[PDB]
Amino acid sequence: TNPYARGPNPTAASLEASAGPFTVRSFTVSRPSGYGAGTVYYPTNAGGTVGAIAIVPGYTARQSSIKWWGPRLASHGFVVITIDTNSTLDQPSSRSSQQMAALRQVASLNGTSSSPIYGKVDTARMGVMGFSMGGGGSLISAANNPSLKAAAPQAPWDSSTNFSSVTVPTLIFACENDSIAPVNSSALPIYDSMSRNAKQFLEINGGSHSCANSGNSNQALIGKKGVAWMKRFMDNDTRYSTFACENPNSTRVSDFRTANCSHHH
(Lines of atoms letter the chains of each structure in order from A and count residues from 1; the text may use other names and numbers.)
(Lines give C-alpha, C1' and ligand atoms only; values in the text may rest on other atoms or scores of the structure.)
Protein backbone atom coordinates (compact mmCIF):
# COMPACT_ATOMS: atom_id res chain seq x y z
CA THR A 1 0.00 0.00 0.00
CA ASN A 2 3.10 2.20 0.60
CA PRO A 3 3.74 4.01 -2.68
CA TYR A 4 7.41 4.35 -1.73
CA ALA A 5 8.13 0.74 -0.77
CA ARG A 6 10.69 -0.80 -3.13
CA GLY A 7 12.34 -4.19 -3.20
CA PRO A 8 11.74 -7.52 -1.49
CA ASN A 9 11.01 -7.86 2.18
CA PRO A 10 14.30 -7.34 4.04
CA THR A 11 16.20 -9.79 6.18
CA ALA A 12 19.30 -9.31 8.30
CA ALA A 13 21.30 -11.25 5.69
CA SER A 14 19.97 -9.20 2.80
CA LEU A 15 20.89 -5.96 4.57
CA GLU A 16 24.32 -7.20 5.71
CA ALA A 17 25.24 -8.29 2.17
CA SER A 18 27.66 -6.14 0.19
CA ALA A 19 24.90 -5.48 -2.38
CA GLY A 20 21.13 -5.08 -2.25
CA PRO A 21 18.60 -6.32 -4.81
CA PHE A 22 19.00 -3.67 -7.51
CA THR A 23 21.63 -3.33 -10.21
CA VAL A 24 23.67 -0.14 -9.83
CA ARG A 25 25.25 2.12 -12.40
CA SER A 26 27.01 5.42 -11.91
CA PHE A 27 28.16 8.51 -13.75
CA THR A 28 30.27 11.49 -12.82
CA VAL A 29 28.52 14.85 -12.92
CA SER A 30 29.79 16.60 -16.00
CA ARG A 31 29.19 20.21 -14.89
CA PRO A 32 28.99 20.29 -11.08
CA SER A 33 26.80 23.17 -9.94
CA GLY A 34 27.91 24.66 -6.65
CA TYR A 35 30.39 21.99 -5.50
CA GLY A 36 33.64 20.50 -6.66
CA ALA A 37 32.80 17.17 -8.33
CA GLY A 38 30.21 14.44 -7.98
CA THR A 39 29.39 10.84 -8.75
CA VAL A 40 25.75 9.74 -9.04
CA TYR A 41 24.93 6.11 -8.21
CA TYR A 42 21.50 4.87 -9.20
CA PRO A 43 19.50 1.63 -9.47
CA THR A 44 18.69 0.52 -13.01
CA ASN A 45 15.70 -1.67 -12.04
CA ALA A 46 14.09 -0.25 -8.88
CA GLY A 47 10.59 -0.36 -10.31
CA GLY A 48 9.51 3.14 -9.26
CA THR A 49 11.00 6.50 -8.42
CA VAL A 50 13.35 6.64 -5.46
CA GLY A 51 14.64 9.20 -3.02
CA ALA A 52 18.02 10.89 -3.29
CA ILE A 53 20.89 11.10 -0.79
CA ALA A 54 23.89 13.45 -0.92
CA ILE A 55 27.08 12.44 0.90
CA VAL A 56 29.95 14.80 1.79
CA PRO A 57 33.51 13.89 2.91
CA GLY A 58 35.52 15.43 5.74
CA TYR A 59 38.41 17.89 5.89
CA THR A 60 41.20 17.05 3.38
CA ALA A 61 39.14 14.16 2.02
CA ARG A 62 37.49 13.33 -1.27
CA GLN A 63 34.89 10.97 -2.63
CA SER A 64 37.07 7.91 -2.15
CA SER A 65 36.57 8.14 1.62
CA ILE A 66 32.76 7.86 1.35
CA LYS A 67 32.43 6.02 -1.97
CA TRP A 68 31.33 2.68 -0.51
CA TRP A 69 27.96 4.15 0.46
CA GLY A 70 27.12 4.84 -3.19
CA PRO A 71 26.57 1.34 -4.46
CA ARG A 72 25.52 0.09 -1.05
CA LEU A 73 22.59 2.50 -0.79
CA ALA A 74 21.76 2.66 -4.50
CA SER A 75 21.49 -1.14 -4.63
CA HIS A 76 18.62 -0.89 -2.13
CA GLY A 77 16.74 1.75 -4.12
CA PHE A 78 18.16 5.27 -3.75
CA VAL A 79 19.92 7.76 -6.01
CA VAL A 80 23.16 8.66 -4.22
CA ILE A 81 25.47 11.56 -5.03
CA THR A 82 28.95 11.59 -3.48
CA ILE A 83 30.77 14.91 -3.79
CA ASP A 84 34.13 16.53 -3.62
CA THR A 85 33.91 19.99 -2.12
CA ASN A 86 35.12 23.14 -3.85
CA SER A 87 38.12 23.02 -1.50
CA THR A 88 39.25 20.07 0.59
CA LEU A 89 39.59 22.67 3.37
CA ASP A 90 35.96 23.86 3.40
CA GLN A 91 34.20 24.12 6.77
CA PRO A 92 30.86 22.52 7.77
CA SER A 93 28.61 25.45 6.76
CA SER A 94 30.13 25.45 3.29
CA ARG A 95 29.92 21.65 3.17
CA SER A 96 26.20 21.93 3.96
CA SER A 97 25.60 24.44 1.15
CA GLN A 98 27.47 22.16 -1.25
CA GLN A 99 25.54 19.10 -0.10
CA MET A 100 22.28 20.91 -0.80
CA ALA A 101 23.61 22.10 -4.15
CA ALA A 102 24.28 18.45 -5.00
CA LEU A 103 20.70 17.52 -4.11
CA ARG A 104 19.56 20.45 -6.25
CA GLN A 105 21.58 19.12 -9.15
CA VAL A 106 20.14 15.62 -8.72
CA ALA A 107 16.73 17.29 -8.99
CA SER A 108 17.92 19.09 -12.15
CA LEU A 109 19.19 15.85 -13.70
CA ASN A 110 15.89 14.14 -12.86
CA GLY A 111 14.37 16.64 -15.32
CA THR A 112 17.17 16.40 -17.92
CA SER A 113 16.24 14.00 -20.72
CA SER A 114 19.88 13.11 -21.49
CA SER A 115 20.60 12.06 -17.91
CA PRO A 116 20.59 8.40 -16.81
CA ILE A 117 18.48 9.44 -13.81
CA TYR A 118 15.81 11.19 -15.93
CA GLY A 119 12.51 10.54 -14.16
CA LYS A 120 14.08 8.16 -11.62
CA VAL A 121 14.02 10.50 -8.60
CA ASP A 122 11.23 11.48 -6.26
CA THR A 123 12.61 14.93 -5.54
CA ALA A 124 10.33 15.31 -2.51
CA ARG A 125 12.22 12.58 -0.59
CA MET A 126 15.83 13.43 0.18
CA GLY A 127 18.48 12.50 2.73
CA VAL A 128 21.90 13.70 3.86
CA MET A 129 25.03 11.88 5.00
CA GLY A 130 28.71 12.68 5.55
CA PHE A 131 31.92 12.20 7.50
CA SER A 132 33.24 14.51 10.22
CA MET A 133 33.07 18.06 8.89
CA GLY A 134 30.70 16.63 6.27
CA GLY A 135 28.70 15.05 9.05
CA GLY A 136 28.36 18.40 10.78
CA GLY A 137 27.39 19.73 7.38
CA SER A 138 24.66 17.10 7.11
CA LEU A 139 23.22 18.21 10.45
CA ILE A 140 23.35 21.85 9.31
CA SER A 141 21.51 20.77 6.17
CA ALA A 142 18.86 19.05 8.28
CA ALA A 143 18.52 22.06 10.60
CA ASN A 144 18.07 24.44 7.69
CA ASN A 145 15.85 22.16 5.57
CA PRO A 146 13.39 20.28 7.81
CA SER A 147 11.68 18.73 4.79
CA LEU A 148 14.68 16.40 4.43
CA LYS A 149 13.43 12.95 5.35
CA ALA A 150 16.53 11.46 7.00
CA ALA A 151 20.09 12.22 8.03
CA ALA A 152 22.80 9.67 8.80
CA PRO A 153 26.12 11.44 9.45
CA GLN A 154 29.22 9.56 10.61
CA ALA A 155 31.73 10.74 13.21
CA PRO A 156 30.17 14.22 12.97
CA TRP A 157 31.80 17.42 14.09
CA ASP A 158 30.77 21.07 14.09
CA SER A 159 32.06 24.03 16.07
CA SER A 160 28.63 24.12 17.75
CA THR A 161 27.26 20.84 19.04
CA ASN A 162 23.79 22.32 19.68
CA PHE A 163 21.49 20.91 16.98
CA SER A 164 18.34 21.31 19.07
CA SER A 165 16.28 22.53 16.09
CA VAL A 166 16.74 19.35 14.02
CA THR A 167 13.41 17.61 13.45
CA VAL A 168 14.72 15.24 10.74
CA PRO A 169 15.20 11.55 11.71
CA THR A 170 18.91 11.38 12.45
CA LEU A 171 21.18 8.37 12.91
CA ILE A 172 24.66 9.25 14.18
CA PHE A 173 27.44 6.76 13.56
CA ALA A 174 30.38 7.25 15.89
CA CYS A 175 33.76 5.60 16.46
CA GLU A 176 34.66 4.68 20.03
CA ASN A 177 38.36 5.61 19.91
CA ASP A 178 37.96 8.70 17.72
CA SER A 179 40.84 11.06 18.52
CA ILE A 180 39.99 13.67 15.84
CA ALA A 181 36.35 14.27 16.84
CA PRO A 182 36.16 12.52 20.23
CA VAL A 183 32.74 11.04 20.93
CA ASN A 184 32.48 12.77 24.31
CA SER A 185 32.97 16.25 22.86
CA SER A 186 31.41 15.86 19.42
CA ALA A 187 29.10 13.04 18.34
CA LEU A 188 27.53 12.51 21.77
CA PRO A 189 26.83 16.20 22.61
CA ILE A 190 25.33 16.51 19.13
CA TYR A 191 23.09 13.50 19.76
CA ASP A 192 22.06 14.72 23.21
CA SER A 193 21.08 18.14 21.86
CA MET A 194 18.28 16.79 19.65
CA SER A 195 15.01 16.46 21.59
CA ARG A 196 12.56 16.93 18.70
CA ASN A 197 13.26 13.99 16.40
CA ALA A 198 13.58 10.29 15.87
CA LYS A 199 17.28 9.71 16.53
CA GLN A 200 19.84 7.00 17.05
CA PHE A 201 23.47 6.74 18.16
CA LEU A 202 25.60 3.81 17.02
CA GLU A 203 29.20 3.70 18.25
CA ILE A 204 31.59 1.20 16.68
CA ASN A 205 33.64 -0.72 19.24
CA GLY A 206 37.32 0.24 19.11
CA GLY A 207 36.84 2.34 16.01
CA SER A 208 39.25 5.03 14.92
CA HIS A 209 37.97 8.24 13.30
CA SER A 210 37.64 6.49 9.90
CA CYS A 211 35.59 3.55 11.25
CA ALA A 212 32.63 4.20 8.87
CA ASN A 213 34.63 5.26 5.80
CA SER A 214 35.40 3.25 2.69
CA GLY A 215 37.47 0.21 3.54
CA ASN A 216 36.06 -0.22 7.02
CA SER A 217 35.71 -3.74 8.41
CA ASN A 218 32.14 -3.25 9.64
CA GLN A 219 30.29 -2.77 6.36
CA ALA A 220 27.76 -5.50 7.21
CA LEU A 221 26.51 -3.73 10.35
CA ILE A 222 27.06 -0.12 9.25
CA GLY A 223 25.52 -0.72 5.84
CA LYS A 224 22.56 -2.57 7.35
CA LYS A 225 21.88 0.30 9.73
CA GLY A 226 22.36 3.04 7.15
CA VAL A 227 20.10 1.36 4.62
CA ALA A 228 17.51 0.47 7.24
CA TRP A 229 17.42 4.06 8.50
CA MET A 230 17.03 5.53 5.03
CA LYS A 231 14.42 2.94 4.10
CA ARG A 232 12.38 3.51 7.24
CA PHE A 233 12.43 7.31 7.06
CA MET A 234 12.92 8.26 3.41
CA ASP A 235 10.46 5.63 2.16
CA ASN A 236 8.27 5.48 5.31
CA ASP A 237 8.90 1.77 4.92
CA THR A 238 7.83 0.13 8.14
CA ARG A 239 9.11 -3.24 6.92
CA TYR A 240 12.41 -1.71 8.09
CA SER A 241 11.23 -0.52 11.54
CA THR A 242 12.85 -3.37 13.47
CA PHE A 243 16.15 -3.01 11.64
CA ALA A 244 16.07 0.78 11.96
CA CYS A 245 15.19 0.96 15.65
CA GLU A 246 16.76 -2.17 17.17
CA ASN A 247 19.80 -2.27 19.37
CA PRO A 248 22.14 -4.59 17.41
CA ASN A 249 23.06 -7.72 19.34
CA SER A 250 26.68 -7.16 18.37
CA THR A 251 30.07 -6.93 20.02
CA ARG A 252 30.85 -4.52 17.19
CA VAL A 253 28.79 -1.82 18.98
CA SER A 254 30.21 -0.19 22.12
CA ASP A 255 27.40 2.34 22.65
CA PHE A 256 23.84 2.29 21.33
CA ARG A 257 21.12 4.87 22.02
CA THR A 258 17.83 5.62 20.32
CA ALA A 259 14.78 7.80 20.93
CA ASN A 260 11.41 8.39 19.25
CA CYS A 261 12.13 5.64 16.72
CA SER A 262 9.54 2.90 17.44
CA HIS A 263 5.86 3.41 16.71
CA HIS A 264 3.40 3.28 19.62
CA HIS A 265 -0.32 2.80 19.04
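One-based numbering along the sequence shown.
> Check the entry's C-alpha temperature factors for 12-20 and 244-252, then say which stretch has the higher mean.
Averaged over C-alpha atoms, the B-factors run higher in 244-252.
> Which is higher on mean Cα B factor in this entry, 139-147 or 153-161?
In the deposited entry, the stretch with the higher C-alpha B-factor mean is 153-161.
> Quick one: which of 94, 170, 184, 86 has the biggest Cα B-factor according to the entry?
Comparing C-alpha B-factors across 94, 170, 184, 86, the top value belongs to 184.
> Among 206, 38, 223, 57, where is the Cα temperature factor highest, going by the PDB entry?
Result of the comparison over 206, 38, 223, 57: 206.
> In terms of the chain's CA B-factor thirds, is residue 46 lowest, middle or highest?
According to the entry, residue 46 has a C-alpha B-factor in the chain's highest third.
> Would the CA B-factor of residue 29 place it in the lowest, middle or highest third of its chain?
For residue 29, whose C-alpha B-factor we compare with every modelled residue in the chain, the answer is the middle third.
> Relative to the other modelled residues of the same chain, rank the CA B-factor of residue 63 and answer lowest, middle or highest third.
Lowest third.
> When the deposited Cα B-factors of this chain's modelled residues are ordered and cut into thirds, is residue 210 in the lowest, the middle or the highest one?
It belongs to the highest third of the chain when residues are ordered by C-alpha B-factor.
> Please place residue 99 in the lowest, middle or highest third of its chain according to the CA B-factor in the PDB entry.
Lowest third - that is where residue 99 ends up once the chain's C-alpha B-factors are sorted.
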